[PDB]
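Here is the structure we will look at.
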């Protein structure tokens, strides 16, 4: 249990950058949770520009103000670390969400989704759409992208191991470099080199948007399936057209919600922040602290034509 007795305590949310549409949904969920808990002061401070050490001055400012709970989305895992370590020695409970810092600068980390689960969700959507077997191509971000290369590796391992995904044949691995013009050109060349393609997996919001724009304007509309990780606002039109049937991502509001309850649990004394401990995250139920003091919000949220108009990010 993650009890609430922080009626006199203060909570502050520091995003990567201020006034970011997707980041503001995460902050909104955090503020709503903090209100439910009953925090005395609920504040949102941060930089106007997302730079490695842009949050350092804001972390130090909150320590001077005597903030009890600090929820931060680290721009760089090492640059914000000395400021966050100074917060912990001052008595501030440091909770990281979305993007983590180093292991020794925070009391707890709240991750949206688990890496292997992202890969499983994508393979499940591919397998379901292609019909169990077919030629599939991957349109990733940059070649050196840490998150994408991790999801692709789990995907490749599951195809070789699990009998459920043995039918999925990866025939290409192209890189859009998180650029709309490059991702569009890569998708155009993908159908030129592989015209017998059944589907395209794009584990990038920029890549999936540019591939959807190409498929909807080409003869491959509805014929070549497109799935991966995307944004409801950008994908809305393509989901209704029939270019995209189902893609996945996550609800950022749930991440801020769990983080505010996690911080309240550490500050009240319900949890020490150890591996195996459990805390209540309001309406979302209980959560367990896993390895490297990490808490997972849940499985990736699947978006289709039945729930696309219910999310705005």
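As a convention, Cβ positions derive from the backbone with ideal geometry for all residues, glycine included, and neighbour counts pool all protein chains shown. Since every read-out is calculated from the coordinates, none of them should be taken as a lab result.
The table below lists the values:
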quantity: Highest to lowest packing among 294-300, 61-67, scored as the average C-beta count within 10 Å; calculated: 294-300, 61-67
quantity: Gain upon complete extension [residue 51, residue 307; 0.36 nm per residue less C-alpha separation]; calculated: 88.7 nm
quantity: Between 0 and 90°, nearest 10: helix 81-90 axis offset from the chain longest Cα axis; calculated: 30 degrees
quantity: Alpha carbon centroid spacing (whole Å) that separates segment 119-179 from segment 77-115; calculated: 31 Å
quantity: Principal-axis tilt of helix 205-217 within the chain, Cα atoms, nearest 10 degrees; calculated: 30 degrees
quantity: 222 nm mean residue ellipticity, helices alone, for the chain (DSSP H n ≥ 4; -39,500 (n - 2.57); rounded to 500); calculated: -12500 deg cm²/dmol
quantity: Distance in nm between pseudo-label sites at residue 60 and residue 18 (7 Å out along the Cβ direction from Cα); calculated: 1.8 nm
quantity: Highest-first arrangement of 41-51, 94-104, where packing means the average Cβ count within 10 Å; calculated: 94-104, 41-51
quantity: Estimated FRET transfer efficiency (residue 7, residue 237; beta-carbon r; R0 51 Å; 0.05); calculated: 0.65
quantity: Taking 81, 105 and counting other C-beta atoms within 10 Å, the order from fewest to most; calculated: 81, 105
quantity: Contact order normalised by residue count of segment 172-313, Cα under 8 Å, 6+ apart, percent; calculated: 19 percent
quantity: Sorted peptide list for 163-175, 246-258, 214-226, 111-123, criterion being average Cβ within 10 angstrom, highest first; calculated: 246-258, 111-123, 214-226, 163-175
quantity: Separation of the residue 283 and residue 161 label points, Cα + 7 Å toward Cβ, nm; calculated: 3.7 nm
quantity: Cα-based shape type of segment 1-117, given that a ≥ b ≥ c are square roots of the gyration tensor eigenvalues and the cut on a/c is 1.5; calculated: rounded
quantity: Mean Cα-pair separation over length for the chain, i.e. relative contact order, pairs under 8 Å, 6 or more apart, %; calculated: 22 percent
quantity: For the chain, share of DSSP beta bridges that run antiparallel, in % to the nearest 5; calculated: 15 percent
quantity: Inter-centroid distance (Cα atoms) of segment 206-269 relative to segment 1-74, Å; calculated: 25 Å
quantity: Computed over segment 47-146: relative contact order in percent, which uses C-alpha pairs under 8 Å that are six or more apart; calculated: 20 percent
quantity: Cα gyration tensor shape for the chain, rounded if a/c is under 1.5, else prolate or oblate; calculated: prolate
quantity: Three-way shape call for segment 170-240 based on the alpha-carbon gyration tensor, with the a/c threshold at 1.5; calculated: oblate
quantity: Estimated FRET transfer efficiency when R0 is 45 angstrom, pair residue 133-residue 102 (beta carbons, to 0.05); calculated: 0.55
